[PDB]
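Letters A, B, ... are given to chains in the order of the sequence lines, protein chains preceding strands, and every chain is numbered from 1.
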Amino acid sequence: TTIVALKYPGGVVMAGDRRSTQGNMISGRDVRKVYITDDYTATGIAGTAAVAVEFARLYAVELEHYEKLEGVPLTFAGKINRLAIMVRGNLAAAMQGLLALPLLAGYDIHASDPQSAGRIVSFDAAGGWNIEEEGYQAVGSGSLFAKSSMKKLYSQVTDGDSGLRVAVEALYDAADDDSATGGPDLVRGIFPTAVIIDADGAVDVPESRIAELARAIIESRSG
Amino acid sequence: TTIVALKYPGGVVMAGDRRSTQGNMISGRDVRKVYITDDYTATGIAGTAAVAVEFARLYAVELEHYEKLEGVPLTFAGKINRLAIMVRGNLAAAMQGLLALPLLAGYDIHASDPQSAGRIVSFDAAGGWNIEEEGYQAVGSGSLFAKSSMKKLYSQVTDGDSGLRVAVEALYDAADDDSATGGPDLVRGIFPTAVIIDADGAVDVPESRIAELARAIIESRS
Amino acid sequence: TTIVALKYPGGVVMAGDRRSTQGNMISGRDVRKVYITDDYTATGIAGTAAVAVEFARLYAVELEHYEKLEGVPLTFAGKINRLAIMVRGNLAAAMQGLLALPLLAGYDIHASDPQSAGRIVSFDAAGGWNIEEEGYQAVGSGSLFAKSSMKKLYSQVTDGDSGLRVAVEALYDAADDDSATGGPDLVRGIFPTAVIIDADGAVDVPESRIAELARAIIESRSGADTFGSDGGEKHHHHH
Amino acid sequence: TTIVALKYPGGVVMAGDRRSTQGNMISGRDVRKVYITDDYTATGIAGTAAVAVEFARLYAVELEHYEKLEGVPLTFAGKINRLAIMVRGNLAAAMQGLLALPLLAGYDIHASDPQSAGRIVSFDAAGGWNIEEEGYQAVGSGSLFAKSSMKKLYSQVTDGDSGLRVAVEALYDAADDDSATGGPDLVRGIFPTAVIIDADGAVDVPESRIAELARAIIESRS
Amino acid sequence: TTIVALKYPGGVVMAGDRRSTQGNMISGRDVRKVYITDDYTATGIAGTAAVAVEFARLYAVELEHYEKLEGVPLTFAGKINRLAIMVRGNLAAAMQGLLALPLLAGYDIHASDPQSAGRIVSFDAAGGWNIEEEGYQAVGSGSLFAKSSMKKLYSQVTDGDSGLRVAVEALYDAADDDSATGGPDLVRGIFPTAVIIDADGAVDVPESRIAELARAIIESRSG
Amino acid sequence: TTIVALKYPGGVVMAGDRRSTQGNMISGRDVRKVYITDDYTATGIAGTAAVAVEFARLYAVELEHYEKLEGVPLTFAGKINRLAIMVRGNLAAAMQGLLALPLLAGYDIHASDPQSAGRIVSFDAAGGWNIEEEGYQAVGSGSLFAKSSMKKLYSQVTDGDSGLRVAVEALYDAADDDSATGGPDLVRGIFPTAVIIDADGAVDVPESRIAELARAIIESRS
Amino acid sequence: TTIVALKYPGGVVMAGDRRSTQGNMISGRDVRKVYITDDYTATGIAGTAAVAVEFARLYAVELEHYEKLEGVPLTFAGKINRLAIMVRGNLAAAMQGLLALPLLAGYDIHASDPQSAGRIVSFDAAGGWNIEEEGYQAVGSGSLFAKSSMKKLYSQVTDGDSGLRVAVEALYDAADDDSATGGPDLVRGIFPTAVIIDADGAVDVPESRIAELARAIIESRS
Amino acid sequence: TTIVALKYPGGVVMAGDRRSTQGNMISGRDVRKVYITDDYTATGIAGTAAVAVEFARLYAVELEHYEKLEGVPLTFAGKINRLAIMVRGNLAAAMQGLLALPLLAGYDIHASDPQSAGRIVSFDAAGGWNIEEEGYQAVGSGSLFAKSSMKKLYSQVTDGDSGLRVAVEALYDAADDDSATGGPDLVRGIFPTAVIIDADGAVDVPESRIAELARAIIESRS
Ligand SMILES: *C(=O)[C@]1([C@@H](O)[C@@H]2C=CCCC2)NC(=O)[C@H](CC)[C@]1(C)O
Ligand SMILES: *C(=O)[C@]1([C@@H](O)[C@@H]2C=CCCC2)NC(=O)[C@H](CC)[C@]1(C)O
Ligand SMILES: *C(=O)[C@]1([C@@H](O)[C@@H]2C=CCCC2)NC(=O)[C@H](CC)[C@]1(C)O
Ligand SMILES: *C(=O)[C@]1([C@@H](O)[C@@H]2C=CCCC2)NC(=O)[C@H](CC)[C@]1(C)O
Ligand SMILES: *C(=O)[C@]1([C@@H](O)[C@@H]2C=CCCC2)NC(=O)[C@H](CC)[C@]1(C)O
Ligand SMILES: *C(=O)[C@]1([C@@H](O)[C@@H]2C=CCCC2)NC(=O)[C@H](CC)[C@]1(C)O
Ligand SMILES: *C(=O)[C@]1([C@@H](O)[C@@H]2C=CCCC2)NC(=O)[C@H](CC)[C@]1(C)O
Ligand SMILES: *C(=O)[C@]1([C@@H](O)[C@@H]2C=CCCC2)NC(=O)[C@H](CC)[C@]1(C)O
């Protein structure tokens, strides 16, 4: 698994691979690992699928629940805290192998400066969180490969589209070096999924845009 | 890893993938796992990379050693026995994680009927061997996928070329389902290696022929 | 054990073998592993026999329970969630050798496009589920053999009968390679069971069509075996 | 695995199934488990395949080795003792999972009464042996089913052919109840192998004869 | 990690490095480990990030909670006891690898002599506390190097400014000998954080001030 | 520790960091980890220092020993085999926490094409070796960061100087992400060491050249 | 750690060292280990710092709590029992390494004979207590050294001042032989603390008096 | 234990504390840990006393043995290697708890520049050695304190006497923070021992010079 997230001027993008495995066996090729959790946030999760999925589903319900009860959404800091508490609650199970780690991306409508209102937050198994300041982050078995790739490509990020391209290329580098991360599948037409979030909210990136970027990356390296 | 071998009218073909890993990490993309061990035999090995390479190397030396000392090569049965003894000798080390399992393919110049002189032999960790009679075999983490694929494609094998095509497609199916087996890499131009053996001896299959077959398999599935 | 499920234009079919074992011993030859759980869904279970039967029985009760209480059946997504929660609830027991894994097949009456309303969903021990979209799935010790077989035969599925045939052939290939899966028993007349589900609902497939399909698969392999050889050599002859 | 042996008036018959497995997986369908070890004896072996084959191969060499060195074959009791010593020698390996148990069938040319010169001997992991006196014996995971079947069918053995039939039916019952034992495979035409030994020596039973008995048992149960 | 604290005439200073690691990997470069917990106290924490952060957050809430309920802030001794009880409460978890150890610095408004009203308190895993009487203390994997450095530099601490400079140099020595403690990062412009507390209260030291001190220390040792 | 090696047109460069640690403690700042082992080869080693230093020293003696005894140096393949055998010989100790892994760089004087005569070989704990074909390799705790960095920078390598620059930058990237790898120390004036090998032999890269490259990388990133 | 207590005509004195350690490291030099727990009692504690401090603090609160609620202080026997019960309550934690052992010294206002109203009570991990009647006692890693020293010096105790001198010299002897007990630190001017208790109540001994005695002991041994 | 060594213009000095312990108990106050091992070298050892003494004794014999046999002393590099091999030989025992680590100080008569001919070499449990390049080193439980102290005082070393003073002060700081290292004992008149080595050879520093330095350090800190 590999999930990446990066900030660009005016927003944030999060993308994830489609592979699921059982030991060495490829058991899934179209899993979606990045979810829009509310109008301004997306959650990507690595680790045990059952827990990962529950986290994303319960977390979206909890965010909207607060909103309906209180009339206003939680502040970004409050959203982070709720995710952290949810991860912390799974600590015992995690020690027993049901370990799941989310990566949170969002756009803070209340931030002072809009161009930098993008947010990336990582979490550890005990519920510790860290608001990323370096511009990008990644979780999963291919995360180190992805991060070392973004380290070299990040300077090319100037807007949402160059942001998305660097994210897809980082996932491509993760797949190139980590057999547990799925690369673009040209035969079946399956590609990484991605969410972009800016002042207008969180939106799924259309598969055809990702397909085009992936094919370009492949062609480019083919020579 | 996946190494396959299958028999076709007049000979045998053995093909192997190119991937090496360390845990989930892809650590190699061009490893050669199939070796010509003498004029009429090829060995493909799965398992611990260090042990596999050493088995193939020592085994070829042992075969030629006998030939130079005695003036004639070992009978095919003798070749099988030496490889089995070599595997048996690694049993202790294997239980400690140094396990390697070879797959042997050959053409028996002394067999009565030439069209069926092809031989495929598999081995277990204790040195047990079995001369295959169903037409094909495979070893490695992708072997079950490869064998289930060849079970459906084998009736198409009628000569060396259709044999080669089915072998490459079996490796393609193994890579499709086993993350530890490498599929054809069109970006880097790296494909499975293969050896064909018939009455004229063992010869490495040129990469261009495999690339061709691989692209046709991919085109067909898209 | 092997349970398979596959989608065909307009529906879905699920079929299961009949073997039960205790170690190497064959302890049962007529176990039924595929259940109609409601009018539009079937459940096939692999693993610990005791837990498997209980999951199917309790799940059917839970689906009907909701229907009687609320006046309407659960949406397909809700059916999936309930089965996932039930599996998750057995996680402790499963880590202690009581593990069971279900495979769910259904027809979604509320799906937009009827020809593809067929649904196949797999589950892992922790309750994780995945709606299958490659057309087929299988669970049990013979599942890898069944899936590799279906991978090569799936392009032949064009309707319910060809789908049934392919499912039976996949079970046949699983039994051919997995000693824990039972093949067709011609001496006793026992064959895999199957359920077909389409817009008119889930129905058990009659034993006689499955028996016919099975003998046809066997005669066909018998013929191919004689036609074939080992790179030219034939080591056995039928007599 | 299931190997059976039974005495009939004037000789003995030994038959074995063809299945090899690795966990639940069927890894082989034509394995031969019964060997003619010398002119008057056959050995069938169950357990670890590597070791089983070595035993049979080494044992035949040892019997013929004695014969060439001393000019005469070992007495039947001496043949038993050598086999026992070979099994005992594998005891450490066996406790480590490489356990193989042979079943020995023979015809004693030096026995006083020819009609009963047939011999069946079983062995345990420590090298203990027992000359069977009840008429039949079996080894392997399906042995209990085979023995209970022979217990009911043994009164039908009156000569070599009815003995061969009972042995095949015992293997059929073992496969019917033990998933590790292979039944007759009508699709592939593969059947249990058998060896018959009488005053004229040990001979392999032709496959066609076993196929016919197998079909009659199946028809009869159908 | 290294957190240092030292008393100077009239107050106290606490400074912390910015590194977070996962095994040998540097996983963070801008973590803040020193928090102002109330108007007159600061808490620096080493160990498990998740527990560390939760300690500081809950501790700040608990101190203000008492103040709002009772109308007056807790005495300094009461503040120490509350932190000790919180640490003790994590002992079972700590034995499971979730260990966190705080270092408390404060200014006691009720102390008789103002020049020495500065306070430094250390804590062990069982909730034991000790009010430091030798002028400085440190916690974390680089604490012994920091303390041995302050032992030689402490006589130079005559006021809050030289106290801040020494604190920075002790952290510099900790980073020089402990790979788990981060040194000043001149390329990215990231430096240790610090808090100064005197009769006017606790205040964050501006990063620019720390950067100047760090550059000066670096120039000096260069020759 | 991080040691990197990369091929450039006409040769090869190997560079290593200078840090040694004991747990979290920095215990050394000027360790040299890259050695010229003969006129055309360099060895860099990661792992337990006592064993690493021993391996480089013993290996250079072995290479020269052969040369003096036989009158000619070992072929490159033979040099690889000797290093592999030495590593294999330490396996028991390595499972005991004494593990050391070398990285070998060389220039093959007997290679057909001089521009590509550069060689990079990696080794695993069991003595398995692999001649690298992707152009670069790295060993040590910072190796993955270094390899990911070189993957993006490798296309800039057109000669020995750009090759050296990319190697230093890879080490810089390794130190930026791995606390166990030492970055350039501007205060003390200590920098990574490097060896360049081309048709004229292996020569140590002067510290001043490395220092200029390091400063340029630092200025570039700030 | 070392805490000593001894009876003198008319009262009792308790004194403790100032060292705290973490393994071999000296982590503290001014810890106070002897507390006045009520007007007529002092408690000194050895073992886990966290537990010892909590024992002294909770115990003082419990004694005064009883006094305020009931209007009169607990009898000396009651005070002993409360401390024993508190120690017993820590048993589980103590078996887990959180072990602390108190030493209690007091003056019993209700005793018949005032010259001997001094009391010293020791405690074990399970809450067992013992009223010491031999004149002195000590707890901590240096206690055996302190007791053997007091055994030889005790006959010199004739009043409060000589009692104080013997206590300080016993702590001196403990520090002389036990690296975990701190000696008088002349450089920093830190000395053992002490509490004296007689008919007028418990009072802290001024540091200057202890420093004086310590200097005299050192002069004497020089 | 703490043993320090530092280079000064023209030579080197090595000094060690005098304490030996058994658990928390001080079991010795006058142990000598620094030995002159030949005319130009001194060895200081920490760890298990039995093994430490054996090392110093055996090593001095080995150095002189070579000299008598070959007519010339070993080069400094050879002396290092011999000590390393001796340490490596104790690795199995060290794992079992008999761990001893030497620190080597010497003056290399064959060095090009005399003012810097001083040498300091440290060793790890596996026999790994490192020629110190930053001016000083220390071994033992108080070594980190001693090194952090020398890091601040080293710029004061300008000759043999200031180097000896700084070495004594570093040992004083080690004793101040490590209960296992002995400080100057003014009551008994026992101080750290030291060896100075320059072009004229290794000589023991007279106790009176060390006593004066120690008393001055103590008064200074008072
Ligand atoms: C990824 O972390 C991975 C996925 O299978 C899993 C599936 C769906 C969404 C959550 C992530 N988890 C694992 O355990 C695999 C094995 C290493 C995986 C492919 O990495
Ligand atoms: C295959 O068996 C595999 C290869 O890495 C290895 C490399 C070279 C030749 C021998 C075979 N061995 C392993 O351990 C991997 C993980 C399961 C592998 C990719 O399958
Ligand atoms: C299959 O999964 C299998 C069946 O015995 C069992 C029986 C009835 C319904 C649920 C499935 N379960 C087992 O434990 C056997 C051994 C691996 C089995 C035949 O596979
Ligand atoms: C039988 O004993 C069996 C055979 O696989 C084996 C193969 C060839 C000749 C010797 C016997 N051994 C096993 O381990 C299997 C599983 C228990 C087996 C099928 O019973
Ligand atoms: C420090 O103690 C350290 C920090 O990562 C951690 C991070 C943020 C605030 C609390 C302290 N904790 C650890 O576990 C690391 C291990 C080497 C650390 C760098 O020392
Ligand atoms: C590197 O591999 C490293 C070095 O300390 C060591 C020292 C000198 C030359 C050989 C390599 N070895 C280790 O054990 C450290 C910790 C993982 C190290 C810094 O990486
Ligand atoms: C003494 O018992 C000792 C002290 O550190 C401790 C500190 C303050 C008051 C209670 C006693 N406790 C220990 O664990 C040390 C090690 C043996 C100690 C110095 O003896
Ligand atoms: C020091 O290393 C130490 C000494 O007792 C010992 C004695 C004589 C010369 C060799 C060194 N070794 C130990 O085991 C003690 C306790 C940890 C010691 C005081 O440190």
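A heavy-atom distance below 4.5 Å is not found between the side chains of F/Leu144 and A/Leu144. You'll find the side chain of A/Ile120 reaches within 4.5 Å of the side chain of A/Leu103, heavy atoms only. Side-chain contact check for F/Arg88 versus B/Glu54: some heavy-atom pair is nearer than 4.5 Å. Side-chain contact between A/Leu98 and C/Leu91 is present, with at least one heavy-atom pair separated by less than 4.5 Å. Side-chain atoms of A/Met86 and A/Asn90, non-hydrogen and from C-beta on, never get closer than 4.5 Å to each other. Side-chain atoms of A/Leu6 and A/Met14, non-hydrogen and from C-beta on, never get closer than 4.5 Å to each other.
From C/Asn130, atom CG reaches atom CZ of C/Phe123 across 9.5 Å, with rounding to the nearest 0.5 Å.
Applying the salt bridge (charged side-chain N to carboxylate O under 4.0 Å, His left out) rule to B/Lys147 yields no partners; only residues at least two apart in sequence or on another chain are considered.
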In residues 179-195 of chain A, what donor-acceptor pairs under 3.5 Å come from side-chain atoms, sequence neighbours left out?
{"unit_1": "A/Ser179", "atom_1": "OG", "unit_2": "B/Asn24", "atom_2": "O", "d": "2.8"}
{"unit_1": "A/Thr181", "atom_1": "OG1", "unit_2": "A/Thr1", "atom_2": "O", "d": "3.4"}
{"unit_1": "A/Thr181", "atom_1": "OG1", "unit_2": "A/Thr2", "atom_2": "OG1", "d": "2.7"}
{"unit_1": "A/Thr181", "atom_1": "OG1", "unit_2": "A/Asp178", "atom_2": "OD2", "d": "2.7"}
{"unit_1": "A/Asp185", "atom_1": "OD1", "unit_2": "A/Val187", "atom_2": "N", "d": "3.0"}
{"unit_1": "A/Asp185", "atom_1": "OD1", "unit_2": "A/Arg188", "atom_2": "N", "d": "2.8"}
{"unit_1": "A/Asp185", "atom_1": "OD2", "unit_2": "A/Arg188", "atom_2": "NH1", "d": "3.0"}
{"unit_1": "A/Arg188", "atom_1": "NH1", "unit_2": "B/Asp176", "atom_2": "OD1", "d": "3.1"}
{"unit_1": "A/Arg188", "atom_1": "NH2", "unit_2": "B/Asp176", "atom_2": "OD1", "d": "3.3"}
{"unit_1": "A/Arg188", "atom_1": "NH2", "unit_2": "B/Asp176", "atom_2": "OD2", "d": "2.8"}

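Sorted by first and then second residue, the ring-ring contact (aromatic ring centres under 6.0 Å, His included) pairs involving residues 135-154 of chain A (not counting sequence neighbours) are A/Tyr136-A/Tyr154.
A salt bridge does not link B/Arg19 to B/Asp30: none of the charged side-chain nitrogens sits closer than 4.0 Å to a carboxylate oxygen. Look at F/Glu134 and B/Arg29 and you find a salt bridge, because one of the NZ, NE, NH1 or NH2 atoms lies within 4.0 Å of a carboxylate O, short of that distance.
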